[PDB]
Structures are given as C-alpha cells and as structure tokens.
A.B. asks: 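Please find one structure pasted underneath; my questions will follow.
Nothing fancy with the numbering, it's 1 onward along the sequence. Each ligand, and each atom within it, is numbered from 1 in the order the structure gives.
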Amino acid sequence: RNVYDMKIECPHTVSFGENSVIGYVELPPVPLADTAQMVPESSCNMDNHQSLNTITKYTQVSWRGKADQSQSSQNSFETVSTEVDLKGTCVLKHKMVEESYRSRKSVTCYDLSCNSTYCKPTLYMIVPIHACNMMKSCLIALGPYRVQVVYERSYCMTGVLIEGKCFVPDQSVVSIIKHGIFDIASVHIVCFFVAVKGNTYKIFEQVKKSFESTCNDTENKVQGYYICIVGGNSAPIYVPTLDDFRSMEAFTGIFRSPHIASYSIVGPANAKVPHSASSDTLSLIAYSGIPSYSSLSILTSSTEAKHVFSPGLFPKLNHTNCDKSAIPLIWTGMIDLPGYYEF
Ligand SMILES: *[C@@H]1O[C@H](CO)[C@@H](O[C@@H]2O[C@H](CO)[C@@H](O)[C@H](O)[C@H]2NC(C)=O)[C@H](O)[C@H]1NC(C)=O
Ligand SMILES: *[C@@H]1O[C@H](CO)[C@@H](O[C@@H]2O[C@H](CO)[C@@H](O)[C@H](O)[C@H]2NC(C)=O)[C@H](O)[C@H]1NC(C)=O
C-alpha cells in the first residue's frame, strides 16, 4: 500500500543533549521526472515549519541514457547541463544540527540514487535526543510514499547494535592505555557536507596535506566541512578535525572510499557545471543498469558550493588529479572504534 517504516531507536541513556539519532529508509524507484516535485511532508514536529523544504539550485547533468552497439569503443558521451531547483535534499545549513538540540526539532531530507530514467530516494531523519521524550510516532509523505516513523525504545541500553550485540564506543581519547581491556568494532557512520566559506573551512588544504594528492590552486576549491553521526546515535563529529582520531578516520573514509555487477559502465563524459561555464568543469562516467550510489555531489573547483545532480552518471570522486572532480554530498561508511560490549 506504498507504506514503509522508519525506526528511530531511542537509547535508554546518553551522556549529552547534543546528540542526534539517525533514522533512514531506502524507498523504491520513481520516474526521474517526478523528482522535481518531491519534498518530504512530515507531521513529526509540533510546529510544521520544515526548514529544509528550502530550494537548493542544482546543476542536473544527464547523458543520452542508452548505449549503442559499440561497447568496446570508449568514445565519450555528450552531456546536457540544466539548472534545476530541488527541495528537501540533504543539504544541511551551517549550525542547523546544533540548533536542533535546543529547538528539539528534527531535520528530514532525502538522498537520490538514479540511473537515467529512475531514482531511488533514501529518506533521513536526524532527531535530537531530547525529542525521544516527546514523540511516539509520526508520518512523512515523499512522492507516492507514506513512511510511518516510530520512536522505539532501543535494544541496547546505551551502545550500538552490531550483530545482536551492544557495542559502546569510547567517547574520547583522554587516557591512552597500553594493554587495555576493550574491543574494536566496525561501526556505521553517515556524513553530510555543510557548505560554508571561511578561512577554517578550506577542506581541500587538508585534503592536500593528508593524501599527498595533486591539488594546485587549493585556494579556489569548495569550502565547508562534513558533519557526521556515528552508530546512528552520537554527538556530531566535524570532519576534518585535526587532533581528533575519529574525525580523521571518517576523513580517510570519505576521500578514499566514496563507494555479478548490477550496473555496466558505458563510457566517460564531461559536463559544464554550472550550465553557463565556458568549458567543462566536471568529469563523470556514464553507466547503465540499476541506480547505483548517490547521484548528488558538490563541485570541487568552486569555493561557493555548486551542487550537482547526475542521474545515470558517476561523478569523478577521486582527487588524485583534483581538476574536474567533485565530493559526495552524503557519504556513508564504516569506521573502526575502540569500546566495549555491554553485559
Ligand atoms: C584514484 O585514481 C588513481 C589514478 O588511476 C588511482 O591510483 C592508482 O592506483 C593503482 C592501484 O589501484 C596503482 O597501480 C597506480 O599506480 C595508481 N596511479 C597513480 C598513483 O597515479 C587510485 O587508485 C584512485 N583512487 C581510488 C580510491 O580508487
Ligand atoms: C533504471 O533503473 C530502474 C529502477 O531500478 C530499472 O527498472 C527496474 O528494472 C528492474 C530490474 O530490471 C525491474 O524489476 C523493475 O520492474 C524496474 N522498475 C521500474 C520502476 O520499472 C531500469 O531497468 C533501469 N534502466 C536501465 C536502462 O537500466
């Protein structure tokens, strides 16, 4: 009946009110044409001011969408770039997550993974921990879908459920213990790029230092930082944060691992981002098959963020060359953390 579930797992105890719980749900594909009207409509806050139903201007990059009979030849494919307004995608404003801890309002938004004709939205809710004591369930409409959100009492008292076990990651590295009593586990993390200019937000200076990649003109590159939640329940992590062990494992994860096969690679493609650029500013790879990985990224070589939506293409997310690259808007992965299992 086009009804899907989203679970908010409220822990029994957390240390700080500045702590977000993450819910998400991957939804079935919709026609690409329908994305232009998609916007989450949530009953989850008492005041129905849904701050992220703001417009972000994207450059939508597309290719023919159909491969010829010459798979072996790797002629590139011409792209079309169009300016489009998308509402409700996970473009977090600077300080929005922090402000939620005081307003107690949750943030609702979606990622898109698309081939040339269909898009799978992944709906996220970022819930400030104090709202677990105010809410039991609510409803989000997105396109044809109705998502019933449920605030559940978690299985774990305080940690992260990892294979039926409750792992509690250490919060800090105040004391280094040479022969410790502890475990290491691989914990899921989600990171969102927050676009904001300033002299501390020159993330590509840190990309240059950490990965000895080839980036001249690091002064012309996108400015901002990633904000991440670990284990679906944590205080936010700001990435990069030098002299912070977990920020730096996520930083490595974002820039080294942004990702029978369900898709097939068709050929290279280059695009103008934004539509009016005098030459191509982004490299991509056209693919065919099931929508695979996020279609949302941010252009590397513009200090003011140029958001890119590239249905049916993989943007170049590899920063060896830096020119004509992009970064992920939403990155998901695993990082290893020390901690211990509850018992
Ligand atoms: C980013 O692209 C570079 C360039 O192809 C990749 O670096 C190559 O990696 C292979 C092994 O995977 C080496 O044999 C080459 O010598 C490398 N080329 C260089 C350093 O110029 C790199 O693997 C890509 N990054 C990711 C994460 O896949
Ligand atoms: C683009 O992606 C869509 C969505 O995955 C593909 O359409 C689905 O194809 C699967 C498997 O072939 C079918 O089981 C579904 O019925 C299709 N979904 C819909 C909504 O029709 C489609 O094949 C992809 N297009 C190309 C050219 O690969």
A.B. asks: Looking at atom 14 (O) of ligand 2, would you say a protein heavy atom lies below 4.0 Å from it?
C.D. replies: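 It does not: no protein heavy atom is found less than 4.0 Å away from atom 14 (O) of ligand 2.
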A.B. asks: Look at the aromatic rings of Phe211 and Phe255 and report parallel, tilted or perpendicular, splitting at 30° and 60°.
C.D. replies: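 Ring orientation, 0 to 90° scale: tilted.
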A.B. asks: To which protein heavy atom is atom 2 (O) of ligand 2 closest, and what is the distance rounded to 0.1 Å?
C.D. replies: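 Heavy-atom neighbour on the protein nearest atom 2 (O) of ligand 2: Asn115 ND2, 2.2 Å.
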A.B. asks: Could you check atom 1 (C) of ligand 1 against the protein and tell me its nearest heavy-atom contact, residue, atom and distance included?
C.D. replies: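 Its nearest protein heavy-atom neighbour is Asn318 ND2, 1.4 Å.
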A.B. asks: Could you give the distance from NZ (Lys316) to CG (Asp323), rounded to the nearest 0.5 Å?
C.D. replies: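 With rounding to 0.5 Å, NZ (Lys316) is 7.0 Å from CG (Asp323).
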A.B. asks: Judged by modelled atom types alone, do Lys87 and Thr54 share a side-chain donor-acceptor pair under 3.5 Å?
C.D. replies: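 Result is no, nothing qualifies.
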A.B. asks: In terms of relative ring orientation, are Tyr263 and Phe314 parallel, tilted or perpendicular, with 30° and 60° separating the classes?
C.D. replies: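 Because their plane-to-plane angle is over 60°, the rings of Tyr263 and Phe314 count as perpendicular.
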A.B. asks: Select the closest option to atom 28 (O) of ligand 2 among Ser288, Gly289, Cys119, judged by heavy-atom distance.
C.D. replies: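 Going through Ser288, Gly289, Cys119 one by one, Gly289 has the nearest heavy atom to atom 28 (O) of ligand 2.
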A.B. asks: Give the numbers and elements of all ligand 1 atoms closer than 4.0 Å to a heavy atom of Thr320.
C.D. replies: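 In order of numbering, the contacting atoms are 1 (C), 2 (O), 3 (C).
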A.B. asks: Could you tell me whether atom 7 (O) of ligand 1 has a protein heavy atom closer than 4.0 Å?
C.D. replies: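 No.
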A.B. asks: Look at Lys324 together with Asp280 and state whether they make a salt bridge at an N to O cut-off of under 4.0 Å.
C.D. replies: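 No, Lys324 and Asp280 are not salt-bridged.
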A.B. asks: Using protein heavy atoms only, decide if any is under 4.0 Å from atom 17 (C) of ligand 1.
C.D. replies: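 Within 4.0 Å of atom 17 (C) of ligand 1, no protein heavy atoms are found.
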A.B. asks: I need the atoms of ligand 2 closer than 4.0 Å to a non-hydrogen atom of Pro291, numbered in the order shown.
C.D. replies: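 Near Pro291, meaning under 4.0 Å from one of its heavy atoms, ligand 2 has 2 (O), 4 (C), 5 (O).
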A.B. asks: Can you check whether a protein heavy atom sits less than 4.0 angstrom from atom 4 (C) of ligand 1?
C.D. replies: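 Within 4.0 Å: no protein heavy atom nearby.
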A.B. asks: Any idea which protein heavy atom is nearest atom 10 (C) of ligand 2, and the distance to it?
C.D. replies: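 Scanning the protein heavy atoms, the shortest distance from atom 10 (C) of ligand 2 goes to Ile290 CD1, 4.3 Å.
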A.B. asks: State whether any protein heavy atom lies less than 4.0 Å from atom 23 (O) of ligand 2.
C.D. replies: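 No, no protein heavy atom sits under 4.0 Å from atom 23 (O) of ligand 2.
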A.B. asks: Quick one: nearest non-hydrogen protein atom to atom 27 (C) of ligand 1, plus distance?
C.D. replies: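 Ranked first by proximity to atom 27 (C) of ligand 1 is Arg256 O, 3.2 Å.
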A.B. asks: Any chance you could lay out the side-chain hydrogen bond (donor to acceptor under 3.5 Å, both in side chains) test for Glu83 and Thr59, step after step, and finish with the verdict?
C.D. replies: CA-CA 5 Å; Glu83 305 285 294; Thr59 299; 2.8 Å; yes
A.B. asks: Salt bridge or not between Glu304 and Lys197? Use side-chain N to carboxylate O under 4.0 Å.
C.D. replies: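 Salt bridge flag = yes for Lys197 with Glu304.
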A.B. asks: Compute the centroid of each ring, for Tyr201 and then for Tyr225, and state whether the two points are separated by less than 6.0 Å.
C.D. replies: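 That pair passes the under 6.0 Å test.
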A.B. asks: Tell me, which protein residue and heavy-atom name are nearest atom 20 (C) of ligand 2, and how many Å apart are they?
C.D. replies: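 Protein heavy atom at minimum distance: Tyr118 CE2, 3.5 Å.
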A.B. asks: Would you check if the side chain of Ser247 reaches a backbone N or O of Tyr238 as a donor-acceptor pair within less than 3.5 Å?
C.D. replies: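 Yes, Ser247 side chain to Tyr238 backbone: donor-acceptor pair under 3.5 Å.
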